[PDB]
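Have a look at the structure below before the remarks.
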Amino acid sequence: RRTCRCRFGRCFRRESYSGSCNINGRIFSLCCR
Numbered sequence: 043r044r045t046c047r048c049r050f051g052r053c054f055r056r057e058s059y060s061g062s063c064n065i066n067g068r069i070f071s072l073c074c075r
């Protein structure tokens with residue numbers, strides 16, 4: 043849980059899915075590594 047951020051696509055297995063980020067009408071996966 044070093045850094046949480048919205049990223050395009052799927053996340054890394056060790057990144058905890060925090061929530062959902064929607065920027066400019068597109069949803070990026072909010073995961074925290």
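Mapping of the sequence shown onto mature numbering (1 follows the signal peptide of the UniProt record, and there is no 0): position 19 corresponds to residue 61, and the numbering continues sequentially without gaps. Backbone N, C-alpha and C define an ideal beta-carbon position, used for all residues, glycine too.
Anticipated Cβ contact below 8 Å, residue i with residue j, distance rounded
i          : j   : result
residue 77 : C48 : Residue 77 lies beyond the residue range present for the chain, which begins at 43 and ends at 75; the question has no answer from this structure.
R75        : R44 : 6 Å
Inter-residue Cα distance where the pair is residue i and residue j
i           : j   : result
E57         : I69 : 17 Å
residue 107 : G67 : Given a span of 43 to 75 for the chain in the structure shown, any question on residue 107 remains unanswerable.
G51         : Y59 : 12 Å
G61         : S71 : 7 Å
Residue i - partner residues in DSSP beta bridges
i   : result
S62 : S71
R52 : Paired residues: none, contrary to the question.
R47 : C73
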